[PDB]
**Student:** 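One structure, pasted below without further comment.
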Amino acid sequence: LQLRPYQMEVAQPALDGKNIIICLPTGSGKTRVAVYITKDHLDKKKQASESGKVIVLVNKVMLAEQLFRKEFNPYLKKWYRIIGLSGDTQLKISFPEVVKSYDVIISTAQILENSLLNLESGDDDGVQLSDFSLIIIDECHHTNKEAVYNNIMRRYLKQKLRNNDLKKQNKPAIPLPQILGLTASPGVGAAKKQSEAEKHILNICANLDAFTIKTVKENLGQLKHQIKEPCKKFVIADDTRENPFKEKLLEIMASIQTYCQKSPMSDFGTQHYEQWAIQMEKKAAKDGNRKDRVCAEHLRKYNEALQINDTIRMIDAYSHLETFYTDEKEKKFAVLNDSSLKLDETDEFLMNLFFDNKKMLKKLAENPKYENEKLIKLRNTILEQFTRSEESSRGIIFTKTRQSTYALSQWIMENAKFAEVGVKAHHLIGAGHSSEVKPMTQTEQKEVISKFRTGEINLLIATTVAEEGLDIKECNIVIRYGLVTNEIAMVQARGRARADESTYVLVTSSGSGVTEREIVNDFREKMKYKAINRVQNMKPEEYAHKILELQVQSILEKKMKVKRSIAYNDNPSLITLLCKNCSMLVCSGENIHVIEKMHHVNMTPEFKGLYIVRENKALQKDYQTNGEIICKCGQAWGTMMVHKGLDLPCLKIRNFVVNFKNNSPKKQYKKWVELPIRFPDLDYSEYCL
RNA sequence: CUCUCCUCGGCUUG
RNA sequence: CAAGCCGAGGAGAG
Ligand SMILES: Nc1ncnc2c1ncn2[C@@H]1O[C@H](COP(=O)(O)OP(=O)(O)OP(=O)(O)O)[C@@H](O)[C@H]1O
Ligand SMILES: [Mg+2]
Ligand SMILES: [Zn+2]
């Protein structure tokens, strides 16, 4: 209900009706400022008998929910009507009625965007920006290129230009709401010189139509005393050992290569080799040549294994391979569980090649002689920190992959010194279904976060999920285990580490170029500060001139870009689908039907006798609903689906080859919307009757 | 510009 | 809780 001086100085120009940005360090009370400004605004508008409505825009669901239940509601509920929305609520069915019924709204941006689109073209009630008096935008550094924020603000700018034109013509001009942007750092984008940094800052200030940036400039000592920085630290590891396991893997890779007469220029264990193998597999699949597709797939797996070993334990790589080969065997035998049998020689060669050295690999992976230097350094760091504390320490470890989070959690649990010192660890990952690994659910995220808040969990092992938008208590140790993304993320993760006598550690090796990337980000930071300091002291007139120029340019460039998006012949029966591996006719483009313009199915009797059903592994670890579909050759095709009480198969296009009847330059597409032909809706007149 | 990794949102069938 | 659809951003390699 009250503010501190360094908050009030940045707040004032907004209390006067100017639209601005506010950059403040992580954890220094931006949300408080937002609430206070909201209250003052509403009161001040109520004095003069005017309409006052405030809308708050976020980009995450959890963030809306949390800010409503915890910050905005318990301070203004006593005077005003508050509501919060998202896609997880049912309140979204009538957004206008919500608009008129409540004063303060909290929401994700795409809701508003959809309503605006409805008004623009649809037949629905629709909403317009004029209906609001104040718009707050959290994490305003996302207002760029094609983000949803920027579409909204483009509408705003177009209205402003239209008002400028009306000013000399008929009056009055349409009124527009005040804008308030909050952030921690606007960043530098892709900048290589100071001038480009200035340019970027001005672009951000233009997209939001801001009067100033308004950073803290006076009470630096108080702020520094309140929020104190950690001590930055590097840790480097060097090795010239760990030979046997890696050498055996390399030998197997070479043996596989000499069986198909394919040697690339790139070396083993890099992204270049992975790219080469993917290209090779794609081409073989297109041509229909087996014995090259499969070898390429297996080579990709082995390269992944090497990459894994480079970062974590050997046994993780061993398991990566074991799982794959076990599954392949199970698929082949579930196939052969049916009724003379003809095998494939190359598949057998690969299977035997793995199973002949399995035991030797398992034996080599278990050897404390050569574990990993990075893991050793990490253990030392953790133990030092947690022993020095006397049970008063929390910590975060930022990793790159999901599998690495799981693996580090297991590695920590298998050793007893950690448990001795008071270490309780848990993993945290994202929720999207495109990452080789089954995601975590929002509910589980919430639970993990809560238990970290209370104290049941001491340290987290996370991907970039935890950089922004999560309510996390102050930590004593932040560690980056071979990860460097950008300057904004660096600022955020470093601001995690409050709780005085804290440190910020980066662990890595000597060969990679991670250290240099960190150093370059450190340079970019001071570039940014200098540019901001200049833009603050620019003369108002030229400032406005540049801002206007940039806005016009933005609108015009978007116009030109949209001109071309206007632009696919429909010939369903024309194409046929072939299996990648066992190239053979599977179906024609006339039997494929579409449910609700989303789900691609095939309901024909002769297709039911072409595939096999497996069980659901996600549910395996009861019942089985969406079981996987495989061909006889062992290639996956899709899954099972239920509609109107009927069981149906759903197909994934990335598993097939498309063959036309005109010229037959075969192709792959990776998703349905790229295939230029159309399909018909479902009809019960067919398939029976 | 391509490929991979990572994150987010809106929406359907059960 | 499972499956599917569409869009957006960031990093790296080539
Ligand atoms: N005026 C104030 N009076 C009392 N406490 C305050 C005030 N301002 C900030 N705080 C303290 O700061 C915390 C809230 O900070 P807040 O999380 O809003 O910072 P932030 O800028 O939102 O950081 P983040 O980037 O995590 O959102 C509260 O726990 C509260 O105790
Ligand atoms: Mg905040
Ligand atoms: Zn097949």
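Side chains are part of it too, since the values below use all heavy atoms of this structure and drop only hydrogens, waters and symmetry mates. Letters A, B, ... are given to chains in the order of the sequence lines, protein chains preceding strands, and every chain is numbered from 1.
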**Student:** With a 4.0 Å cut-off on heavy atoms, is A:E628 in touch with a base, just the backbone sugar-phosphate, or nothing at all?
**Tutor:** nothing
**Student:** Sub-3.5 Å donor-acceptor pair from the side chain of A:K670 to the main-chain atoms of A:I653, do we have one?
**Tutor:** no
**Student:** I want to confirm an ordering. Mapping A:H142 and A:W672 to their closest nucleotides on RNA chain C, which one lands closer to the 5' end?
**Tutor:** A:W672
**Student:** Tell me: CE of A:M62 to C1' of B:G10, nearest whole Å?
**Tutor:** 17 Å
**Student:** Which sits closer to the 5' end of RNA chain B, A:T464 or A:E596, going by the nucleotide each is nearest to?
**Tutor:** A:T464
**Student:** Are A:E518 and A:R494 within salt-bridge range, i.e. N to O under 4.0 Å?
**Tutor:** no
**Student:** I need the NZ-P distance between A:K644 and B:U12, as an integer number of Å.
**Tutor:** 15 Å
**Student:** Do the side chains of A:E274 and A:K301 get close enough for a salt bridge, i.e. N-O under 4.0 angstrom?
**Tutor:** no
**Student:** Choosing from B:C6, B:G10, C:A2, which nucleotide comes nearest the side chain of A:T463?
**Tutor:** B:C6
**Student:** Between B:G14, B:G9, B:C8, spot the one nearest the side chain of A:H643, thanks.
**Tutor:** B:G14
**Student:** Salt bridge check: are A:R293 and A:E281 linked by an N-O gap of less than 4.0 Å?
**Tutor:** yes
**Student:** Could you tell me whether A:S434 contacts a base, only the sugar-phosphate backbone, or nothing, with contacts defined as non-hydrogen atoms closer than 4.0 Å?
**Tutor:** nothing
**Student:** Nearest to the A:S435 side chain among C:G10, B:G10, B:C6, which nucleotide is it?
**Tutor:** B:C6
**Student:** Side-chain donor-acceptor pair under 3.5 Å between A:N303 and A:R300, yes or no?
**Tutor:** no
**Student:** Whole Å only: how far is the CG atom of A:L619 from the P atom of C:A3?
**Tutor:** 7 Å
**Student:** Could you work out which one of B:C6, C:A3, C:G9 sits closest to the side chain of A:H433?
**Tutor:** C:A3
**Student:** For the side chain of A:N616, starting at C-beta, report the closest nucleotide among C:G9, C:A2, B:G10.
**Tutor:** C:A2
**Student:** So that I can tick it off, tell me whether A:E146 and A:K558 are bridged by a salt bridge, with the cut-off set at under 4.0 angstrom between side-chain N and carboxylate O.
**Tutor:** yes
**Student:** Reckon A:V148 touches a base, only the sugar-phosphate, or nothing at all at heavy-atom distances under 4.0 Å?
**Tutor:** nothing
**Student:** Going by heavy atoms closer than 4.0 Å, what residues in residues 83-99 of chain A are next to RNA chain B?
**Tutor:** A:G87, A:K92
**Student:** Separation of A:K60 atom NZ from B:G10 atom P, in whole Å?
**Tutor:** 13 Å
**Student:** Under the 6.0 Å and 45° cation-pi test, does A:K374 pair with A:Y481?
**Tutor:** yes
**Student:** Between A:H599 and A:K282, just flag the one whose closest nucleotide in RNA chain B comes earlier from the 5' side.
**Tutor:** A:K282
**Student:** Which part of the nucleic acid does A:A109 contact within heavy-atom distance under 4.0 Å: base, sugar-phosphate only, or nothing?
**Tutor:** nothing
**Student:** Give a yes/no answer on whether the side chain of A:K438 brings an N or O atom under 4.0 Å of OP1 or OP2 in C:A3.
**Tutor:** yes
**Student:** Could you list the residues that satisfy side chain to side chain contact (heavy atoms under 4.5 Å, CB included) with A:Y684, not counting sequence neighbours?
**Tutor:** A:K644, A:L646, A:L682
**Student:** Can you measure A:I595 atom CD1 to C:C6 atom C1' for me and round it to whole angstrom units?
**Tutor:** 17 Å
**Student:** Which listed nucleotide (C:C1, C:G4, C:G9) is nearest to the side chain of A:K145?
**Tutor:** C:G9
**Student:** To the side chain of A:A618, which of B:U12, C:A2, B:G14 is closest?
**Tutor:** C:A2
**Student:** I'd like a list of close polar pairs between nucleotides 11-14 of chain C and the protein, N/O only, cut-off under 3.5 Å.
**Tutor:**
unit_1 : atom_1 : unit_2 : atom_2 : d
C:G12  : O2'    : A:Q271 : NE2    : 2.9

**Student:** How many Å lie between CG on A:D647 and P on B:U13, as a whole number?
**Tutor:** 17 Å
**Student:** Regarding A:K617 and A:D327, does a basic nitrogen lie under 4.0 Å from an acidic carboxylate oxygen?
**Tutor:** yes
**Student:** Between A:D647 and A:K608, is there a side-chain N and carboxylate O pair less than 4.0 Å apart?
**Tutor:** no
**Student:** Hey, does the side chain of A:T625 come within less than 4.0 Å of C:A3's phosphate (OP1/OP2), counting only N and O?
**Tutor:** no
**Student:** Rounded to whole angstrom units, what separation is found between the CG atom of A:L470 and the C1' atom of B:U7?
**Tutor:** 12 Å
**Student:** In whole angstrom, what separates A:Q442's CD from C:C1's P?
**Tutor:** 10 Å
**Student:** Between C:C1, C:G4, B:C5, which one does the side chain of A:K652 approach most closely?
**Tutor:** C:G4
**Student:** Can a side chain N or O of A:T108 be found less than 4.0 Å away from OP1 or OP2 on B:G10?
**Tutor:** yes
**Student:** In terms of side-chain geometry, is the basic nitrogen of A:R69 or A:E65 positioned less than 4.0 Å from the acidic oxygen of its partner?
**Tutor:** no
**Student:** Please pick, from B:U4, C:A2, B:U7, the nucleotide with the shortest atom-to-atom distance to any side-chain atom of A:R402.
**Tutor:** B:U7
**Student:** What nucleic acid atoms does A:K671 come within less than 4.0 Å of, heavy atoms only: base, sugar-phosphate, or nothing?
**Tutor:** sugar-phosphate
**Student:** Could you tell me whether the side chains of A:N655 and A:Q635 share a donor-acceptor contact shorter than 3.5 Å?
**Tutor:** yes
